[PDB]
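Asks: Following this message is one structure expressed as structure tokens.
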Amino acid sequence: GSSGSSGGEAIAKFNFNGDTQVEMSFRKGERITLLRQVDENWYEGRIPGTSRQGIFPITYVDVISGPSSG
């Protein structure tokens, strides 16, 4: 184990089109391996197969590990 840390799982509610390397693009449905939260309205994570890394808004991705909602 190189790096040991907990995160969570999320689902891209929509498609993201990043322009800068810092930002990361994901396809609707793709699994975003949550790594860490950059800002209050920006979650960080990578994508399987593309081993990409960057930032992205919340509204875009819907995390499962959270509060209760109907």
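Asks: Which GluC sites (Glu not before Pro) from the chain combine a DSSP loop assignment with at most 11 other Cβ atoms within 10 Å?
Replies: In loop regions of the chain (DSSP not H, G, I, E or B), the sparsely surrounded GluC sites (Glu not before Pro) are 40.
Asks: Which chymotrypsin sites (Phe, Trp or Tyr not before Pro) in the chain sit in a loop by DSSP (not H, G, I, E or B) and have at most 16 other Cβ atoms within 10 Å of their own Cβ?
Replies: 14
Asks: How compact and how long is the chain, expressed as Rg and Dmax of its alpha-carbon atoms in Å?
Replies: Values for the chain (Cα only, Rg and Dmax): 11.9, 39 Å.
Asks: So, one more: Taking DSSP loops as anything outside H, G, I, E and B, show the longest stretch in the chain free of trypsin sites (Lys or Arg not before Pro) there with at most 15 other beta carbons within 10 Å.
Replies: Numbers: sites that count: 13, 27, 28.
Answer - 29-70.
Only the coordinates and a few stated rules stand behind these numbers; no lab work does. So basically every Cβ, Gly included, is an ideal-geometry build from the backbone, and we count neighbours across all protein chains shown.
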